[PDB]
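Undergrad: Fold the stuff below for me.
(2 chains)
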Amino acid sequence: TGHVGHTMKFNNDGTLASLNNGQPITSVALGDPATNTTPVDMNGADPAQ
Amino acid sequence: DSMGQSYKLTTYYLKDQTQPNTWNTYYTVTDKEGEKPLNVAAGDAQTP
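TA: Numbering: from 1, shown residues only, chains lettered A, B, ... in the order given. And now the structure:
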(Lines give C-alpha, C1' and ligand atoms only; values in the text may rest on other atoms or scores of the structure.)
Protein backbone atom coordinates (compact mmCIF):
# COMPACT_ATOMS: atom_id res chain seq x y z
CA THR A 1 0.00 0.00 0.00
CA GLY A 2 3.05 2.29 -0.01
CA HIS A 3 3.37 2.74 3.76
CA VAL A 4 7.01 2.44 4.86
CA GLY A 5 7.85 1.53 8.44
CA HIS A 6 10.96 0.32 10.24
CA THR A 7 11.87 -3.16 11.46
CA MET A 8 12.98 -3.91 15.02
CA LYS A 9 14.93 -7.09 15.75
CA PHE A 10 15.49 -8.63 19.18
CA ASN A 11 17.75 -11.28 20.70
CA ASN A 12 16.62 -14.44 22.47
CA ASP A 13 17.38 -12.92 25.90
CA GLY A 14 14.84 -10.18 25.14
CA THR A 15 17.27 -7.33 24.44
CA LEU A 16 17.23 -5.17 21.33
CA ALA A 17 19.23 -6.58 18.42
CA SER A 18 19.06 -4.00 15.62
CA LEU A 19 17.09 -0.96 14.47
CA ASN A 20 16.34 -0.09 10.83
CA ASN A 21 19.27 -2.27 9.72
CA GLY A 22 21.56 -0.04 11.76
CA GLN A 23 20.34 3.19 10.13
CA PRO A 24 18.83 6.15 12.02
CA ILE A 25 15.06 6.57 11.85
CA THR A 26 14.38 9.85 10.04
CA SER A 27 10.91 10.48 8.64
CA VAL A 28 10.11 12.40 5.46
CA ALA A 29 9.03 16.04 5.56
CA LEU A 30 5.58 16.37 7.12
CA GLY A 31 4.08 19.09 4.93
CA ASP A 32 6.13 18.79 1.75
CA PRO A 33 4.01 17.22 -1.03
CA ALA A 34 7.09 16.58 -3.19
CA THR A 35 8.54 14.04 -0.74
CA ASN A 36 5.42 12.46 0.81
CA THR A 37 2.40 11.09 -1.04
CA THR A 38 0.24 12.07 1.97
CA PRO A 39 1.34 15.59 2.95
CA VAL A 40 0.43 16.93 6.38
CA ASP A 41 -1.72 20.07 6.23
CA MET A 42 0.52 22.24 8.40
CA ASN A 43 -1.61 25.38 7.89
CA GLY A 44 1.24 27.65 6.83
CA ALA A 45 3.83 26.23 9.24
CA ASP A 46 7.17 24.84 8.10
CA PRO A 47 6.45 22.05 5.57
CA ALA A 48 10.00 20.64 5.70
CA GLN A 49 9.79 19.59 9.35
CA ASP B 1 13.40 -21.52 27.97
CA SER B 2 15.60 -18.56 27.07
CA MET B 3 12.76 -16.15 27.83
CA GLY B 4 11.83 -17.69 31.19
CA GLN B 5 8.71 -19.59 30.16
CA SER B 6 8.18 -22.73 32.22
CA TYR B 7 7.33 -26.01 30.51
CA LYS B 8 6.48 -29.47 31.81
CA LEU B 9 8.94 -32.20 30.81
CA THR B 10 7.59 -35.73 31.25
CA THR B 11 10.08 -38.61 31.13
CA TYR B 12 8.75 -42.11 30.41
CA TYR B 13 10.62 -45.26 31.43
CA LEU B 14 10.00 -48.59 29.71
CA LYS B 15 11.50 -51.94 30.68
CA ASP B 16 12.87 -53.83 27.69
CA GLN B 17 11.57 -57.38 27.28
CA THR B 18 13.77 -58.52 24.38
CA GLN B 19 17.02 -57.63 26.16
CA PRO B 20 17.41 -58.25 29.90
CA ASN B 21 18.89 -55.43 31.98
CA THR B 22 17.80 -52.91 29.34
CA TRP B 23 15.54 -49.88 29.69
CA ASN B 24 14.04 -47.45 27.18
CA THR B 25 13.59 -43.76 28.00
CA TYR B 26 11.44 -41.20 26.19
CA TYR B 27 10.93 -37.45 26.62
CA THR B 28 7.82 -35.35 26.05
CA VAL B 29 7.34 -31.58 26.27
CA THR B 30 3.92 -30.24 27.28
CA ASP B 31 2.71 -26.93 25.82
CA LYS B 32 -0.71 -25.31 25.52
CA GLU B 33 -1.46 -27.42 22.43
CA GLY B 34 -0.85 -30.80 24.05
CA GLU B 35 1.94 -33.24 24.87
CA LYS B 36 4.50 -33.18 22.05
CA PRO B 37 7.20 -35.88 22.02
CA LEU B 38 10.83 -34.77 22.19
CA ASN B 39 13.26 -36.76 20.06
CA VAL B 40 16.91 -37.60 20.69
CA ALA B 41 19.29 -36.89 17.82
CA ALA B 42 21.40 -40.06 18.04
CA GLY B 43 19.25 -42.27 20.26
CA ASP B 44 19.31 -46.03 19.72
CA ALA B 45 15.71 -46.52 20.89
CA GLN B 46 13.26 -46.21 17.99
CA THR B 47 9.53 -46.82 17.67
CA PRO B 48 7.25 -47.21 14.62
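
Undergrad: any idea how far residue B:26 lies from residue B:15?
TA: Spatial separation of residue B:26 from residue B:15 under the definition Cβ to Cβ, to the nearest Å is 13 Å. From N, CA and C alone the C-beta is placed, and that goes for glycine too.

Undergrad: Between these two, which is the more surrounded one?
TA: Residue environment comparison for residue B:26 versus residue B:15 gives the larger neighbour count to residue B:26, 16 against 9, counting by other Cβ atoms under 10 Å in any protein chain shown.

Undergrad: Assign a three-state SS to that one, would you?
TA: strand (DSSP: H, G, I helix; E, B strand; the rest coil).

Undergrad: what's the residue located most distally from the centre of chain B in contact with, if anything?
TA: Distance from the C-alpha centroid of chain B peaks at residue B:3, with 22.6 Å (Cα atoms, centre = their mean). Remark: with contacts taken as Cβ atoms under 8 Å, 6 or more residues apart in numbering or on different chains, residue B:3 is in contact with A:12-14.
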